[PDB]
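A.B. asks: Below is one structure. I have some questions about it.
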Amino acid sequence: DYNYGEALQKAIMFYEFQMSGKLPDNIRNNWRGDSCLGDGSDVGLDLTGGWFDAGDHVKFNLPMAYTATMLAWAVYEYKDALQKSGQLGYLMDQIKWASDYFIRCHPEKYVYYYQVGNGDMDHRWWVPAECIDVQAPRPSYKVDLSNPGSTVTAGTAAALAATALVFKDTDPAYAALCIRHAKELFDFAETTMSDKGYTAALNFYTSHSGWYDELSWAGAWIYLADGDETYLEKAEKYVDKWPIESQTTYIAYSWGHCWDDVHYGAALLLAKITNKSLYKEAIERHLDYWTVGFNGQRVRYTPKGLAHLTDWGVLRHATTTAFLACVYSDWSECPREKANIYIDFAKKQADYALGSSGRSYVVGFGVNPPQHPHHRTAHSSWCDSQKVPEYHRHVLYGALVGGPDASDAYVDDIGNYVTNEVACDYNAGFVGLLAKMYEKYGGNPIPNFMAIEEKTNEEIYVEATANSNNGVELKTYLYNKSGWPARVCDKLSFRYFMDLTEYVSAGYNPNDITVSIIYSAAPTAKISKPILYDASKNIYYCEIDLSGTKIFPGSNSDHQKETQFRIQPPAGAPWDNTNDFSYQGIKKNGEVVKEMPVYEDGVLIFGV
Ligand SMILES: [Ca+2]
Ligand SMILES: [Ca+2]
């Protein structure tokens, strides 16, 4: 059988790679650093934190809130299994990472920021998370009473209520904070009944289904968190506003639970809360359609057994429905025959994602996993190209990709933003599915698993050429191809070492040597007079300081800065470049000159 504990371990770790903001020191990788620390600065608020949505760096709160709710749902249903796997703490930390962010986005009762970053502006740049905020502004978008967003506020209410539910025993004060914000956001959504102000997510996370399903979703979670029947009643109030399967009176059943349709999960929760036939029949009708069929109709299946609802995020849909199948099949009121059908269906969808069709569709897991997920920071280009490097510098452990077509066909290409898309909501229900599969079938996680990668290219270094000319003239490029993690540097300098024995032995003062910047792409570039390095051997160096100029792996030729400079003695003084340490290195290998060491804020970071 497949190792569900390892899969669960990695599916949860995936969210660490999506973290935005000032990162905790207990992350388990060496290739994510601080990012987007100025989020919210355009409106005078701290709106850092949360997750980047997909392979981009926009923070879309509707799918982010959906994700957090689903992860908390996994905790709620499968806490003990998650504890045993060793991953419950990390999952809870990720849930709180998102929820802390939602709370900051809600500075007053009827004002909610639902997006940080602009989709069109953000997606123009194929650069790592640690550099994206240098390339374009990241505006903060909000809804309020004059420009409302019932769908996203209700969605966030559900996330904070679900967070309160799972934290109320271990952190009563935080749960009380979450539940208050939840009820306020619910009232906000219910008061406005409109998405008129929810515009910044157009073409990315538009709500075609509206907010009535979200109101039942949020109401049910609020009730579960603190037992307020006022919100269960409101949740049931809006059931008759849910989508209806056309040509029938049935609650819609032929799609699936996802970020833009939560009435499937809402029906399941309301079923367990009230045991009412309406909800039990609705969810059974849905799960039947996905398994054995309903009234002569059944979801499409690939020849190799994948339930194939659509071509967009097909594995996201199959694994999420499987999760719901797990929850309902574990319920005592679920008819036994179909409890077995449902859980058998859930395992097969889990096993398809993990490799039953011949390859894994989970990055970094199993047999022949995808290697080119459509993900900027895991690829980690230093020059704003999907094609450079031609392989990902990092392994996005645990990422469930979009998946194959209805014939099980699939191509692993970074440019296929459909088959190789990855996203927060793709892994959300997946985590809960793997929790149940671990609870039932086991599979040992990797002990103390850490995503500490080997650095496969030199991050920061000088490339240089030189020519002798009554002294020396240097043409240098100071590179920042950092990757572990990518980072912006603005305090970089390097040293050029010389042996001035022939010069000082002839009676000349090193301070009369001319040092000059000829040209530099760094406007702050400066060069020091010779500095004594070894009084016994008359070794000196000149410091070329580019502090003040950003050098980072991004676009606009920012991953390198050219500096041309000259070091020339007074006319007539002896000069021998051939005994100069840095000159010798340049002529040995100008590509990477260890003999011109690089310093960041005065600390050596490369070279001898
Ligand atoms: Ca909706
Ligand atoms: Ca010399």
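Residues are referred to by chain and number: the chain letter is A, B, ... according to the order shown in the structure tokens, the number counts from 1 in that chain, and ligands are numbered separately from 1 in the order shown.
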Using only C-alpha atoms and all ligand atoms, find each residue of chain A with at least one atom at most 9 Å away from an atom of ligand 1; report its shortest atom-to-atom pair and that distance in Å (one decimal), sort the rows by chain and rising residue number, and return the result as JSON lines.
C.D. replies:
```
{"residue": "A:151", "atom": "CA", "partner": "ligand 1", "partner_atom_place_in_ligand_line": "1 (Ca)", "distance": 6.3}
{"residue": "A:152", "atom": "CA", "partner": "ligand 1", "partner_atom_place_in_ligand_line": "1 (Ca)", "distance": 8.8}
{"residue": "A:155", "atom": "CA", "partner": "ligand 1", "partner_atom_place_in_ligand_line": "1 (Ca)", "distance": 8.5}
{"residue": "A:207", "atom": "CA", "partner": "ligand 1", "partner_atom_place_in_ligand_line": "1 (Ca)", "distance": 6.0}
{"residue": "A:208", "atom": "CA", "partner": "ligand 1", "partner_atom_place_in_ligand_line": "1 (Ca)", "distance": 7.0}
{"residue": "A:209", "atom": "CA", "partner": "ligand 1", "partner_atom_place_in_ligand_line": "1 (Ca)", "distance": 4.3}
{"residue": "A:210", "atom": "CA", "partner": "ligand 1", "partner_atom_place_in_ligand_line": "1 (Ca)", "distance": 4.2}
{"residue": "A:211", "atom": "CA", "partner": "ligand 1", "partner_atom_place_in_ligand_line": "1 (Ca)", "distance": 4.7}
{"residue": "A:212", "atom": "CA", "partner": "ligand 1", "partner_atom_place_in_ligand_line": "1 (Ca)", "distance": 6.5}
{"residue": "A:213", "atom": "CA", "partner": "ligand 1", "partner_atom_place_in_ligand_line": "1 (Ca)", "distance": 5.3}
{"residue": "A:214", "atom": "CA", "partner": "ligand 1", "partner_atom_place_in_ligand_line": "1 (Ca)", "distance": 5.5}
{"residue": "A:215", "atom": "CA", "partner": "ligand 1", "partner_atom_place_in_ligand_line": "1 (Ca)", "distance": 8.8}
{"residue": "A:242", "atom": "CA", "partner": "ligand 1", "partner_atom_place_in_ligand_line": "1 (Ca)", "distance": 8.9}
{"residue": "A:259", "atom": "CA", "partner": "ligand 1", "partner_atom_place_in_ligand_line": "1 (Ca)", "distance": 7.5}
{"residue": "A:260", "atom": "CA", "partner": "ligand 1", "partner_atom_place_in_ligand_line": "1 (Ca)", "distance": 4.7}
{"residue": "A:261", "atom": "CA", "partner": "ligand 1", "partner_atom_place_in_ligand_line": "1 (Ca)", "distance": 4.7}
{"residue": "A:262", "atom": "CA", "partner": "ligand 1", "partner_atom_place_in_ligand_line": "1 (Ca)", "distance": 6.3}
{"residue": "A:263", "atom": "CA", "partner": "ligand 1", "partner_atom_place_in_ligand_line": "1 (Ca)", "distance": 7.8}
```
A.B. asks: Deliver the residues from the most recent selection as a file, using N, CA, C and O atoms, as a PDB file, in the first residue's frame.
C.D. replies:
```
ATOM      1  N   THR A 151     -19.591  37.252  -0.251  1.00  0.00           N
ATOM      2  CA  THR A 151     -19.024  35.922  -0.437  1.00  0.00           C
ATOM      3  C   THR A 151     -17.718  35.773   0.332  1.00  0.00           C
ATOM      4  O   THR A 151     -17.521  34.792   1.062  1.00  0.00           O
ATOM      5  N   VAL A 152     -16.808  36.737   0.186  1.00  0.00           N
ATOM      6  CA  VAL A 152     -15.497  36.572   0.791  1.00  0.00           C
ATOM      7  C   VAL A 152     -15.546  36.821   2.297  1.00  0.00           C
ATOM      8  O   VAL A 152     -14.790  36.200   3.052  1.00  0.00           O
ATOM      9  N   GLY A 155     -17.018  33.636   3.631  1.00  0.00           N
ATOM     10  CA  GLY A 155     -15.975  32.626   3.548  1.00  0.00           C
ATOM     11  C   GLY A 155     -14.945  32.760   4.656  1.00  0.00           C
ATOM     12  O   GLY A 155     -14.520  31.763   5.248  1.00  0.00           O
ATOM     13  N   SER A 207     -16.694  34.980  -7.867  1.00  0.00           N
ATOM     14  CA  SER A 207     -17.719  34.134  -7.264  1.00  0.00           C
ATOM     15  C   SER A 207     -18.928  34.133  -8.190  1.00  0.00           C
ATOM     16  O   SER A 207     -19.749  35.050  -8.153  1.00  0.00           O
ATOM     17  N   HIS A 208     -19.025  33.106  -9.035  1.00  0.00           N
ATOM     18  CA  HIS A 208     -20.208  32.940  -9.865  1.00  0.00           C
ATOM     19  C   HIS A 208     -21.382  32.353  -9.086  1.00  0.00           C
ATOM     20  O   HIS A 208     -22.531  32.555  -9.481  1.00  0.00           O
ATOM     21  N   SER A 209     -21.116  31.645  -7.986  1.00  0.00           N
ATOM     22  CA  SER A 209     -22.168  30.985  -7.225  1.00  0.00           C
ATOM     23  C   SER A 209     -22.782  31.873  -6.152  1.00  0.00           C
ATOM     24  O   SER A 209     -23.853  31.544  -5.632  1.00  0.00           O
ATOM     25  N   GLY A 210     -22.126  32.963  -5.792  1.00  0.00           N
ATOM     26  CA  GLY A 210     -22.667  33.861  -4.802  1.00  0.00           C
ATOM     27  C   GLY A 210     -22.316  33.455  -3.384  1.00  0.00           C
ATOM     28  O   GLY A 210     -21.392  32.679  -3.116  1.00  0.00           O
ATOM     29  N   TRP A 211     -23.111  33.984  -2.454  1.00  0.00           N
ATOM     30  CA  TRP A 211     -22.778  33.976  -1.039  1.00  0.00           C
ATOM     31  C   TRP A 211     -23.735  33.174  -0.171  1.00  0.00           C
ATOM     32  O   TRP A 211     -23.453  32.999   1.018  1.00  0.00           O
ATOM     33  N   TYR A 212     -24.860  32.697  -0.712  1.00  0.00           N
ATOM     34  CA  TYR A 212     -25.839  32.031   0.148  1.00  0.00           C
ATOM     35  C   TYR A 212     -25.308  30.699   0.667  1.00  0.00           C
ATOM     36  O   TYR A 212     -25.523  30.357   1.837  1.00  0.00           O
ATOM     37  N   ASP A 213     -24.601  29.940  -0.175  1.00  0.00           N
ATOM     38  CA  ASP A 213     -23.946  28.733   0.320  1.00  0.00           C
ATOM     39  C   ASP A 213     -22.912  29.074   1.389  1.00  0.00           C
ATOM     40  O   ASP A 213     -22.801  28.374   2.402  1.00  0.00           O
ATOM     41  N   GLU A 214     -22.158  30.159   1.189  1.00  0.00           N
ATOM     42  CA  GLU A 214     -21.167  30.566   2.182  1.00  0.00           C
ATOM     43  C   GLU A 214     -21.813  30.921   3.518  1.00  0.00           C
ATOM     44  O   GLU A 214     -21.218  30.687   4.576  1.00  0.00           O
ATOM     45  N   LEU A 215     -23.020  31.489   3.497  1.00  0.00           N
ATOM     46  CA  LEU A 215     -23.677  31.843   4.754  1.00  0.00           C
ATOM     47  C   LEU A 215     -24.039  30.600   5.561  1.00  0.00           C
ATOM     48  O   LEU A 215     -23.848  30.572   6.782  1.00  0.00           O
ATOM     49  N   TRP A 242     -29.758  27.731  -1.898  1.00  0.00           N
ATOM     50  CA  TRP A 242     -28.650  27.003  -2.491  1.00  0.00           C
ATOM     51  C   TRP A 242     -28.937  26.692  -3.957  1.00  0.00           C
ATOM     52  O   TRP A 242     -30.092  26.682  -4.388  1.00  0.00           O
ATOM     53  N   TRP A 259     -13.737  26.026  -3.553  1.00  0.00           N
ATOM     54  CA  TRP A 259     -13.708  27.379  -3.003  1.00  0.00           C
ATOM     55  C   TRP A 259     -14.892  28.217  -3.463  1.00  0.00           C
ATOM     56  O   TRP A 259     -15.286  29.154  -2.760  1.00  0.00           O
ATOM     57  N   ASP A 260     -15.473  27.915  -4.631  1.00  0.00           N
ATOM     58  CA  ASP A 260     -16.615  28.674  -5.128  1.00  0.00           C
ATOM     59  C   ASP A 260     -17.926  27.907  -5.009  1.00  0.00           C
ATOM     60  O   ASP A 260     -18.924  28.292  -5.637  1.00  0.00           O
ATOM     61  N   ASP A 261     -17.953  26.832  -4.220  1.00  0.00           N
ATOM     62  CA  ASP A 261     -19.202  26.109  -3.984  1.00  0.00           C
ATOM     63  C   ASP A 261     -19.012  25.275  -2.719  1.00  0.00           C
ATOM     64  O   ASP A 261     -18.464  24.174  -2.785  1.00  0.00           O
ATOM     65  N   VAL A 262     -19.488  25.801  -1.590  1.00  0.00           N
ATOM     66  CA  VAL A 262     -19.289  25.174  -0.287  1.00  0.00           C
ATOM     67  C   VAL A 262     -20.569  24.559   0.257  1.00  0.00           C
ATOM     68  O   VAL A 262     -20.594  24.113   1.415  1.00  0.00           O
ATOM     69  N   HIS A 263     -21.645  24.515  -0.535  1.00  0.00           N
ATOM     70  CA  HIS A 263     -22.881  23.943  -0.017  1.00  0.00           C
ATOM     71  C   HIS A 263     -22.785  22.431   0.123  1.00  0.00           C
ATOM     72  O   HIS A 263     -23.550  21.840   0.894  1.00  0.00           O
TER      73      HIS A 263
END
```
A.B. asks: If you run DSSP on the backbone, which residues of range 219-282 of chain A are helix (DSSP H, G or I), as a VMD selection string?
C.D. replies: chain A and resid 219 to 226 229 to 237 239 to 241 263 to 274 277 to 282
A.B. asks: Using only C-alpha atoms, which protein or nucleic acid residues come within 9 Å of residue 592 in chain A? Drop anything in the same chain fewer than 5 positions from it, and give the result as a short mmCIF file (atom, residue, chain, number, x, y, z; two decimals) with N, CA and C atoms, in the first residue's frame.
C.D. replies:
```cif
data_model
loop_
_atom_site.label_atom_id
_atom_site.label_comp_id
_atom_site.auth_asym_id
_atom_site.auth_seq_id
_atom_site.Cartn_x
_atom_site.Cartn_y
_atom_site.Cartn_z
N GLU A 458 26.43 28.59 -7.41
CA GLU A 458 27.00 29.63 -6.55
C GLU A 458 26.05 30.81 -6.49
N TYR A 461 28.75 36.05 -6.12
CA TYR A 461 30.14 35.92 -6.54
C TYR A 461 30.44 36.99 -7.58
N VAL A 462 31.72 37.19 -7.84
CA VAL A 462 32.20 38.16 -8.82
C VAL A 462 32.70 37.41 -10.05
N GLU A 463 32.30 37.88 -11.22
CA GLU A 463 32.90 37.53 -12.51
C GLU A 463 33.71 38.74 -12.96
N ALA A 464 34.89 38.50 -13.53
CA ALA A 464 35.74 39.64 -13.85
C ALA A 464 36.72 39.32 -14.96
N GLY A 585 43.85 35.36 -9.75
CA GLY A 585 42.60 34.61 -9.79
C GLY A 585 41.82 34.89 -11.06
N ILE A 586 41.72 36.16 -11.44
CA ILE A 586 40.97 36.53 -12.65
C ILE A 586 41.51 35.76 -13.85
#
```
A.B. asks: Please report the interatomic distance between CA of residue 230 in chain A and CA of residue 328 in chain A in Å with one decimal.
C.D. replies: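 Atom-to-atom, CA of residue 230 in chain A to CA of residue 328 in chain A, that is 25.0 Å.
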A.B. asks: Report as a tab-separated table: every residue of range 453-494 of chain A with an atom at most 6 Å from range 534-556 of chain A, its closest pair of atoms, and their distance in Å to one decimal, counting only C-alpha atoms, with rows sorted by chain and ascending residue number.
C.D. replies:
```
residue	atom	partner	partner_atom	distance
A:480	CA	A:552	CA	5.2
A:481	CA	A:553	CA	5.3
A:488	CA	A:552	CA	4.7
A:489	CA	A:551	CA	5.4
A:490	CA	A:550	CA	4.4
A:491	CA	A:547	CA	3.9
A:492	CA	A:547	CA	5.3
A:493	CA	A:545	CA	4.1
A:494	CA	A:544	CA	5.4
```
A.B. asks: Taking only C-alpha atoms and all ligand atoms into account, which residues have an atom no farther than 8 Å from ligand 2? I'd like them as a PyMOL selection string.
C.D. replies: chain A and resi 498-503+575-580
A.B. asks: Please indicate the distance in Å from CA of residue 223 in chain A to CA of residue 67 in chain A, rounded to one decimal place.
C.D. replies: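 Answer for the CA of residue 223 in chain A to CA of residue 67 in chain A separation: 19.5 Å.
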A.B. asks: Between CA of residue 375 in chain A and CA of residue 451 in chain A, what distance in Å does the model show, to one decimal?
C.D. replies: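 Computing it gives 16.6 Å between the two atoms.
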A.B. asks: When you look at range 410-427 of chain A with a cut-off of 7 Å (counting only C-alpha atoms), what residues show up, excluding the ones that are within fewer than 4 positions of it in the same chain? I need them as a CSV table (one decimal) with C-alpha atoms, in the first residue's frame.
C.D. replies:
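Written file, result12.csv:
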```csv
chain,number,residue,atom,x,y,z
A,11,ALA,CA,0.9,17.5,1.8
A,53,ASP,CA,-2.4,31.4,-3.5
A,54,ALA,CA,-0.7,29.3,-6.2
A,55,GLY,CA,2.5,29.6,-8.2
A,63,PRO,CA,-9.5,30.5,-1.7
A,64,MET,CA,-7.2,31.2,1.3
A,67,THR,CA,-8.2,26.4,2.5
A,312,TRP,CA,-9.3,22.4,-14.3
A,316,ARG,CA,-8.3,18.9,-6.4
A,370,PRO,CA,6.0,15.8,-11.3
A,371,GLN,CA,9.2,17.8,-11.6
A,372,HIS,CA,8.1,21.1,-13.2
A,373,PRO,CA,5.2,22.5,-11.2
A,374,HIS,CA,4.0,25.9,-12.3
A,399,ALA,CA,2.1,19.8,-3.9
A,400,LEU,CA,-0.9,18.1,-5.6
A,401,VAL,CA,-0.8,19.2,-9.3
A,402,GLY,CA,-3.8,19.8,-11.5
A,403,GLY,CA,-3.6,16.4,-13.0
A,404,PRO,CA,-4.2,14.4,-16.2
A,405,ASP,CA,-7.0,14.6,-18.8
A,431,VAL,CA,-4.8,16.9,3.6
```
A.B. asks: Any idea what's packed within 10 Å of residue 28 in chain A, counting only C-alpha atoms, ignoring anything in its chain fewer than 5 positions away? Could you give it as a list in words?
C.D. replies: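 Returned residues: residues 13, 16, 17, 90, 448, 449, 450, 451 and 452 of chain A.
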A.B. asks: Using only C-alpha atoms, which residues sit within 10 Å of residue 216 in chain A once same-chain residues fewer than 2 positions away are excluded, as a count of residues only?
C.D. replies: 30
